[PDB]
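Since the structure comes first, as C-alpha cells, the remarks are kept for the end.
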Amino acid sequence: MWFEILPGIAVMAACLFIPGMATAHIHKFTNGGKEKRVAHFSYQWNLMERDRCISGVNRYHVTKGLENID
Amino acid sequence: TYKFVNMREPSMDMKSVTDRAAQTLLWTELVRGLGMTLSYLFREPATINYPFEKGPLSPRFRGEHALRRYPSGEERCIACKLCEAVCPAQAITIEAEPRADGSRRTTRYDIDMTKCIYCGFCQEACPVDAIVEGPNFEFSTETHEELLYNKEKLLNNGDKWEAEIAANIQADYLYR
Amino acid sequence: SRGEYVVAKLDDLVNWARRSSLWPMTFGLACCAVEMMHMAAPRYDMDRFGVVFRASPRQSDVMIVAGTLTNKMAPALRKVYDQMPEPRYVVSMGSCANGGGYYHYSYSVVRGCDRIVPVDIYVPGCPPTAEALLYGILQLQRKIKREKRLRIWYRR
Amino acid sequence: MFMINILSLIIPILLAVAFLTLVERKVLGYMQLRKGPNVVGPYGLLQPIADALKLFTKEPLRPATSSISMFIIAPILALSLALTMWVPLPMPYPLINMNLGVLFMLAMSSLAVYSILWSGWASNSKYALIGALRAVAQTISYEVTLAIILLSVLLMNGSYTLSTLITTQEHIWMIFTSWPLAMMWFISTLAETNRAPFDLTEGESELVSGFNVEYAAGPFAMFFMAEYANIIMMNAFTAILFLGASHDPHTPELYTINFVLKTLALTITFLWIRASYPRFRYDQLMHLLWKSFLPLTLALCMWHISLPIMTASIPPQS
Amino acid sequence: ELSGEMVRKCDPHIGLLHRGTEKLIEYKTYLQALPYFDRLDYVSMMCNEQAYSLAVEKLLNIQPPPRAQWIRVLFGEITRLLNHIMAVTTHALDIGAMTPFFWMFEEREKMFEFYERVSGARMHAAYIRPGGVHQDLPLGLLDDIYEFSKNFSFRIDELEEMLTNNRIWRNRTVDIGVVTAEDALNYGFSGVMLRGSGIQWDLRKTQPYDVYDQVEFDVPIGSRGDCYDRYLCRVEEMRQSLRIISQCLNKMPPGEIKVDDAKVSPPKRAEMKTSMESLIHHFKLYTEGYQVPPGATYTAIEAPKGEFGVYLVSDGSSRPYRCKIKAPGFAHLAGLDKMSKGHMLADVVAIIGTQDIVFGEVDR
Amino acid sequence: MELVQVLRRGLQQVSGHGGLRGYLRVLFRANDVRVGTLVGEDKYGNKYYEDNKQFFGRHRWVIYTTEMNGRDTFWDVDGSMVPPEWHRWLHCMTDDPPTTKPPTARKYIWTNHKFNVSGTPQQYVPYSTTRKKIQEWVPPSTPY
Amino acid sequence: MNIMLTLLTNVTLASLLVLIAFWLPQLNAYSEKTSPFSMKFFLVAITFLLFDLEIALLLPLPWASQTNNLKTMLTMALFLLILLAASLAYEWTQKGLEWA
Ligand code: SF4
Ligand code: SF4
C-alpha cells in the first residue's frame, strides 16, 4: 500500500543526506578537526593569514596557544 | 420537474464577505482539494496483481469460440449454417458434405477472429450448442494468420476448454 | 566463448531495459481506446509494469492501434509511425484494427492495420477486455525478451 | 580533496533525481488509487535504471538542421546550471560560501531559461518555438516576484549570505514571520520550475511535448534531470529560507537530516500539487502574477522594510 | 487559424472514423444491425441499443414487456452514469485535473462488471434488442447494483470537491463556450447543450419513451450557458440518474423479458428444442429475421450526450431499406466554430470537452 | 500499538513464505508477499491461494509454477498457464474450487493444458480443410 | 579557485554526458527516417526589463538599512517602491498589461 512508496523516499533521503555529511566531514578533516573558518570580511581573512604565519607549518588551523609565549 | 444549478446569490453581510475574502487570499478551496487527494493517498489502491490476480467474470462471458462435442465424443455441429446466417460480420465460413457414416457434418468451419465482433450470436443461435464462446480471453497472437481459426483449431479449443465451458453453460442454461 | 557471453548478457540488459520501460503512445481511434483507458485505470494499472502513456511519438516506443483505421486516417497513422524512433513495436487492438472487424466490407475502412504498418502483437476482441490488452502487452514484453540483436551482430 | 567534495555533491544529487522520478510515479499512482512502478525491482527501485537505459539505447532522432551548436548547448547549459545551483546551499556548511550566494542563485536561475529558450528555437519547429516563447514569458514573469519576495524575507536576514539564514531562524521559522510571502514564494518556485499547475512550457495536453518535442534519448534525459534537480534545489532553497532547522555545530548530521526531511516534504508537496489541480491557462498564469501577486509583494516589501525600523529589529550586517 | 494563441477560425474535419455504418446496415437484418448501435457511441452503447429497439418496435407495432422496459430504463441510467463519468473526467483530464479520471474509472470498471454479468460483454453488448431484452438479469445482480449505487454518491461528491469550487477549474470554464438559447436551438444542439443555456427540454419528461413516465427525477437547468454550467448540469444529471436507479431497483416487475411473440422475439431454448413451431420460428428468425411492416419513423431518446435518433425506413423485407442515425455530437461539433470565437487554444480544448463529442457518433 | 501489530504481521508474512529466501522468491516472482490459504495445486504445479479478508479482486491469486510443458517459467509467466478447471475459480466465475467440485470427466477433454503457443514451433498455422473441388484430366501414358 | 573549479567540473560533467548521449548512442545501427507571427504581447517582456531595473535598484536595501540616516533611507526606499507601484497601476489602468 502507501508504505510501498517509503523505500524510494528512503533511498532519496540517503542520497540527499550524503552531500551535507560529506561536506561537514571534509571540512573537519581539512581544517584539523575544527569547522572551516568563515571569512566574509577582510578582517577575518587577515586573521587567517596571521594564523598561517604564526603556525609555522603554513596551515591556519594549527593553533598556537600560551605555550608559544615566552 | 426541473432544478436550477447555479442561480444562487452570495450573501453581502460582512461575515460572508470576510469569509469569501479569506477563501480568495488564504486558498481554502485549494486546500480542501489537497486534503481530498491526501485522503485518497492513504486509501488502499484498487490495483489487482495481474497476471497472478484476475478480474472477475460472469458465466455469460463471450471470448474465444470453441466447437463442442457430445459426451460420446461426436462433434455437436450438424452443418445447419444457421450461425453463418446470423453472423453479423460474416466471420463464419461453413462447408459440409455427408461423411462416410452418412451423418451431416462440416468439412470446413472457419471463424475469422479478425472479422468477428464477439457479438454472442451463433452461441445463442446454434440449435445444438456447437459453437460456444469460451471463457478464454488471453489468446493474442504474434501474426495475423494465427487469428484465422480453422475447424481443427476450434475443435482443439473446445477439447481444451470443455471442462470450464460445460460448467458455464450449466450455470447459465436456465437463463437462456 | 567469452565474447558470446558478454554479448548475451548485454543483450539481456538492453532487452530488459526496453521491455521494462515500454512507453505506448496516446493513440486511440475508436471504441478500443475506452478499454485501453480502463487498462490505464487503477484496476489493471499499466504503470506498475512500466507502461506509461506519452503523447509524443518521438518520445514513444509502442503504437497501440486501438480502433477502426479508416482510409482518411491511414496516412496520418503511417506518418506518426514513421516519426516514432526505433526500436518501435506496433500492437493491434480490436477486430477493426486487426482485420477490419465489423466494418471489413466498408468502402472507408482499411481492412486491417497490417496493410499500413507492420504489426507485432494482435489483440483479438471487440472490444478486447483490458485484461486481454494487458496480456498482449506482456506478450510483447516477452517478445522483446527473446530478441537477440547483439548475438546476431556478434555472429557476423 | 575539493574535487572529492564536488563529486559528493554532484553524483548523489543525480541519484536523488533518478529516484525522485520513481517517487513521483508511485505517489501520483497512489493518489489516483493506483500502484506506482513495482515490477521492476523490489517496490520498483530499479525502474529509473530501466528508464535511463531504455532512453539511452533509443534512436537519437535529430531533424533540427539548424544551429546544432545551440541544439547541443541547451541541454549542457541546463544540466550544468542545475548542478551548479546546488553548490552555494548550506547543508549546513556550503560547498562554496558566498557573501551573495542568494543573488548568485537568482542569476543562475535566470540563465537556466536560456536552455529552454535555445532548445525550442534550434529545434526550428512550430510548437517548439512558440512553446519556448511562452516559457520565456512564464519564467520572466515570476522571476520579478521571486526576487521581490526573496528581498523582502532577507530584510530580516541582514545579508544575502545563505549561511546566516540558519542563525536568523535559530529560535523560530521565518514562515511564522512571513507566511504570505512564503505562499507567494512557493507558487513562484512552482512557476519557475515549470511544474503543474504552471506546466505550460512542456504542456503535454496542449503542446505535444513543448520545447523538448524534438529532443529524444539522452538529451531528453538531461532535460528531465535538470528539471527534477531544479525542483529539488528550489524546494531546498524554500526549506533553508523559511523552514529553518536546528544546527548543532559539533553534530551537523542532525541539521542535515532535518533539512533533507523538509526538502523531501516540499518535493512531495510539489508532486501532490501536480496531482490535484488542473493547469492554469497561459493568460490566467500571467494575470495571477503581474495583476494579483506583484501588488501584494510590493506592499509586503514596504512592510518588511518598515518593520525593522519601527520595531528596532534591524539585523546585524555581519 | 491562430493569430497568437487566439483561434480566429476553427474548422472541424471529420470522417477520420467514418466506417459506412448506415450503408452496412442496409445489407444486414435488424437483429444483425443491432450491434452497430453499440459501436456508434462507445461510451453509451446500451442507450443507442434502446433507441434502435424503440425504432424497430414502433415500426413493428409490438410492445416490449414491462420487466424488459424497467430493465431498459435501469441500464439506460447506468449507461448515462458511465457516459457522464467519461465526459466530465476526460474534460478534466484535458484541462489537466487527471486524478478524477482514475477515481471515477474504478466505478466505471464496476459498471462494466454489471454489463458483463447481464450480457457477457463489458461494453458493446447486445442486451437491448427489438422486442425487449435478450436475457433476464442473473440472480443476485440487482442487490449488487444496490451496493454500488449506495456508495457512488460519495465518489461523485469527491469529484465535486476536487473540481466544482476550485479557482483554477472555474477560471478555465466559468465563461468559455457561451451559447445563446436561440442560437443553441437553431444550431440543432440537444441535451445539456440546450439545458446549459437555460431552455427546459428533456426528452425523458417531454416525450417519455419506455417507463420514464413512471419515475421521478429533476432535470438540471443552467443559467449562464457556459462550460462550467454544463459541468454542473452533467454532475447533477448523474445524481438524478442515481435517484432513478434507486427507483428502478425498488419497483422492478416480475415476468417475461422479451415479447411473447415468437415471430419477433426468438423462442426459449427449451421450447425451440421441444416444440416444432418454436424451432421453425427460431430457424426463420436467426436466418431470415423478422419482416418489419413498411414505413418510416424517427425515434429519439435523451441519450447521455443529447438527442439520439434513428430514421429507419422499411421496405417490408427483413433488412432495413435506410437507417439514418442522428448523432447529438454532429450538431455540437458543427457549432464548435461559433462557440470558439474570441477564445484561446486551451479554451478550444475545454469547449471540445464540454460538447461531449464521440467521433464514432459524429462520423458513423 | 497497532503499528507494532503491523510490523509483526510483516514478520509473519516473512515466516509464512518459508523464511527470508521464500519471501524474496515470491517478492521477485509475483511482487506480492501476502500469505493466504492454499486452496489447491494443479498437476502442472500452479498453486492457488485464497484470502477472503482482502477486497474483491485480490481475495484469490495463483502462484505460477516454475516449470510447465517443458518451459522454464520461473520469470516468464502468462495467464494462459492456468488450466481451465481452475480458470473459472480464479476469474470468479464460480465460488467452488475444482478440488471441491471436480469438472465432469470426458474422454475427449485434454489431459495436459497448453499455454499460448504463439511465437513457438507449436504455433497454429491456418490451412484449408476441404479437398480439391475440380479434378483435372490425366493425359494417357501411351504415345498414341 | 574553488568557484572556478566548481564551474569547470560541472560544465565538463554536463558536456561529457551530452557527448555520451549525442554520439555514444548514435553509433547503434539503424536506417533512414526521412524528416512566426509578430508577437505584440512582447510589450510584457519589455515591461519586465524596466521592472527588473527597479529590482536591481532595490537589492542594496539590506545594507541600506545599516545607515544612520534611517529616515532618509526609508523615505527614498518607499519612494522607489511607490513609483514602481504607480508604474504598475498606470500600465494596469491603461490596459497596457494586455497579457497574451
Ligand atoms: S460472435 Fe463473432 S463469429 Fe460469432 S456470430 Fe458474432 S461475429 Fe460471428
Ligand atoms: S474492434 Fe470493436 S470495439 Fe474495437 S474499434 Fe472495432 S468495433 Fe470498436
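Protein chains in written order, with the UniProt record's numbering: chain U, 92 to 161; chain R, 64 to 239; chain Z, 108 to 263; chain Y, 1 to 318; chain B, 155 to 518; chain H, 1 to 144; chain A, 1 to 35, 50 to 114.
The C-beta atom is built at its ideal place from N, Cα and C for all residues, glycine as well.
ask   = Can you list, in chain order, the residues of the segment 106-130 of chain Y whose Cβ is nearer than 7 Å to any Cβ on chain R?
value = none
query = So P308(Y) is in the alpha helix (DSSP H); what residue range does that whole segment cover?
reply = As a first step, residue 308(Y) is located in the fourth sequence; it is residue number 308 there, counting from the start. Residues 294-311.
query = Can we count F67(R) as close to ligand 1, meaning its CB is less than 6 Å from some heavy atom?
reply = For this step, residue 67(R) is matched to residue 4 along the second sequence. Not under cutoff, so the answer is no.
task = Confirm the yes/no value for this check: CB of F124(R), any heavy atom of ligand 1, distance under 6 Å.
result = Here residue 124(R) corresponds to residue number 61 of the second sequence, with the count starting at 1. No, the beta carbon of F124(R) sits no closer than 6 Å to any heavy atom of ligand 1.
query = Is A137(Z) near ligand 2, going by C-beta to nearest heavy atom under 6 Å?
reply = Start at 1 with the first residue of the third sequence, and residue 137(Z) comes out as number 30. Checking the Cβ of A137(Z) against ligand 2 gives yes.
request  = Express the C-alpha separation of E211(B) and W224(B) in angstroms, rounding to a whole number.
outcome  = Along the fifth sequence, one-based indexing puts residue 224(B) at 70. Along the fifth sequence, one-based indexing puts residue 211(B) at 57. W224(B) and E211(B): Cα-Cα distance of roughly 16 Å.
key: Heavy atom of ligand 2 within 6 Å of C150(R) beta-carbon   = By 1-based counting over the second sequence, the position of residue 150(R) is 87. No, ligand 2 has no heavy atom inside 6 Å of this Cβ.
key: Cut-off 7 Å between Cβ atoms - residues of its own chain near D364(B), not counting five sequence neighbours on either side   = The residue you call residue 364(B) lines up with position 210 of the fifth sequence. These residues qualify, in order along the chain: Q223, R226, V227.
task = Could you tell me whether the Cβ of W93(U) comes closer than 7 Å to any Cβ of chain Y?
result = Numbered from its first residue, the first sequence carries residue 93(U) at position 2. Closer than 7 Å: yes.
ask   = Which term fits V114(Z), buried or exposed, when burial requires 16 or more other beta carbons within 10 angstroms of its beta carbon?
value = Translated into positions along the third sequence, residue 114(Z) becomes position 7. Per the 10 Å Cβ criterion, buried.
Host alpha helix (DSSP H) of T253(B) (start-end) = On the fifth sequence, position 99 is the one that residue 253(B) refers to. Segment 253-273, the alpha helix (DSSP H) holding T253(B).
message = In the DSSP output, which residue or residues are listed as bridge partners for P131(Z)?
response = On the third sequence, position 24 is the one that residue 131(Z) refers to. For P131(Z), which the question treats as bridged, DSSP gives the partners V169(Z).
task = Report the three-state DSSP secondary structure of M160(B) (helix, strand or coil).
result = The count along the fifth sequence starts at 1 and reaches residue 160(B) at position 6. Strand.
request  = Consult DSSP for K116(Z) and reduce its assignment to one of helix, strand or coil.
outcome  = For this step, residue 116(Z) is matched to residue 9 along the third sequence. Three-state result, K116(Z): helix.
query = If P231(Z) sits next to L217(R), beta carbons under 8 Å apart, how far is it from one beta carbon to the other, in whole angstroms?
reply = Within the third sequence, numbered from 1, the residue matching residue 231(Z) stands at position 124. Within the second sequence, numbered from 1, the residue matching residue 217(R) stands at position 154. Incorrect: roughly 14 Å between the Cβ atoms, too far for contact.
ask   = For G174(B) versus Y261(Z), is the C-beta spacing smaller than 7 Å?
value = On the fifth sequence, residue 174(B) is found 20 positions in, with the first residue counted as 1. On the third sequence, residue 261(Z) is found 154 positions in, with the first residue counted as 1. Going by C-beta atoms, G174(B) is not nearer than 7 Å to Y261(Z).
message = Classify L63(A): buried if its beta carbon has 16 or more other beta carbons within 10 angstroms, exposed otherwise.
response = Residue 63(A) sits at position 49 when you count from the first residue of the seventh sequence. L63(A) should be labelled exposed.
ask   = If we count the other Cβ atoms within 10 Å of its Cβ and call it buried at 16 or more, is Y64(H) buried or exposed?
value = Here residue 64(H) corresponds to residue number 64 of the sixth sequence, with the count starting at 1. That one is buried.
inquiry  = Strictly under 7 Å for the Cβ-Cβ distance: is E203(B) near chain Z by that measure?
reply    = Counting from 1 along the fifth sequence, the entry for residue 203(B) is found at position 49. By this cut-off, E203(B) is not an interface position.
request  = Could you check how far apart the C-beta atoms of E225(R) and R106(H) are, in whole angstroms? I think they sit under 8 Å.
outcome  = Here residue 225(R) is taken as the residue at index 162 of the second sequence, counted from 1. Here residue 106(H) is taken as the residue at index 106 of the sixth sequence, counted from 1. Between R106(H) and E225(R) the Cβ distance is about 6 Å, and since that is below 8 Å, they are a contact.
message = Taking 8 Å as the limit between beta carbons, can you name the residues of its chain near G409(B), skipping five residues before and five after?
response = For the purposes of this step, residue 409(B) is identified with residue 255 of the fifth sequence, where counting begins at 1. Counting only Cβ-Cβ distances below 8 Å, and skipping sequence neighbours, we find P219, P220, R221.
inquiry  = Distance check for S31(A) and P140(H), CA to CA, integer angstroms please.
reply    = As a first step, residue 140(H) is located in the sixth sequence; it is residue number 140 there, counting from the start. As a first step, residue 31(A) is located in the seventh sequence; it is residue number 31 there, counting from the start. Approximately 57 Å between the Cα atoms of the pair.
query = If you drop the 5 nearest sequence neighbours on each side, which residues of the same chain put their C-beta closer than 8 Å to that of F184(R)?
reply = In the second sequence, residue 184(R) corresponds to position 121, counting from 1. Contacts found: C146, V149, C150, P151.
inquiry  = Which same chain residues end up closer than 6 Å to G463(B) when comparing Cβ atoms and leaving out the 5 residues on each side of it in sequence?
reply    = Stepping through the fifth sequence from its first residue, residue 463(B) is reached at position 309. Taken in chain order, the residues that qualify are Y452, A454, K480.
key: Classification of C144(U) by the beta-carbon crowding that lies within 10 angstroms, buried from 16 upward   = Indexing the first sequence from 1 puts residue 144(U) at position 53. Looking at its Cβ environment, which holds fewer than 16 other Cβ atoms inside 10 Å, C144(U) is exposed.
key: Close Cβ partners of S351(B) (< 6 Å) along its chain, the five nearest in sequence each way excluded   = Mapped onto the fifth sequence, residue 351(B) falls at position 197. Around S351(B): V333, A335, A338, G379.
ask   = Should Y269(B) be counted as a contact of ligand 2 given a C-beta to heavy atom distance under 6 Å?
value = Taking the fifth sequence and counting its residues from 1, the one referred to as residue 269(B) is at position 115. Outside the cutoff, so no.
ask   = Does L237(R) have its Cβ less than 7 Å from a Cβ in chain H?
value = As a working note, residue 237(R) is residue 174 in the second sequence. Taking Cβ atoms only, chain H never reaches closer than 7 Å to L237(R), which makes this a no.
ask   = Of all the CB atoms in chain R, is at least one closer than 7 Å to the CB of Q361(B)?
value = Counted from its first residue, the fifth sequence places residue 361(B) at position 207. It does not: the Cβ of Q361(B) has no partner Cβ on chain R nearer than 7 Å.
request  = May I have the straight-line CA-CA distance separating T133(Z) from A147(Z), to the nearest angstrom?
outcome  = By 1-based counting over the third sequence, the position of residue 133(Z) is 26. By 1-based counting over the third sequence, the position of residue 147(Z) is 40. Approximately 11 Å between the Cα atoms of the pair.
Any 3 or more C-beta pairs closer than 8 Å across the segment 73-92 of chain Y and the segment 133-142 of chain Y = no
ask   = Quick one: is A500(B) near chain Y, going by C-beta distance under 7 Å?
value = Numbered from its first residue, the fifth sequence carries residue 500(B) at position 346. Answer yes: the Cβ-Cβ gap between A500(B) and chain Y drops below 7 Å somewhere.
ask   = Can you find a C-beta in chain Y that's less than 7 Å from the C-beta of residue 47(U)?
value = Residue 47(U) lies beyond the range of chain U shown here (92 to 161); nothing can be said about it.
inquiry  = What ranges does the beta strand (DSSP E) occupy inside the segment 340-404 of chain B, keeping only unbroken runs of at least 3 residues that lie completely in it?
reply    = 373-375
request  = Note down, in chain order, all residues in the segment 252-272 of chain Y with a beta-carbon under 7 Å from any beta-carbon belonging to chain R.
outcome  = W272
query = Which residues share a DSSP beta bridge with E160(R)?
reply = Counting from 1 along the second sequence, the entry for residue 160(R) is found at position 97. DSSP, once it has assigned bridges, lists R168(R) as partnering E160(R).
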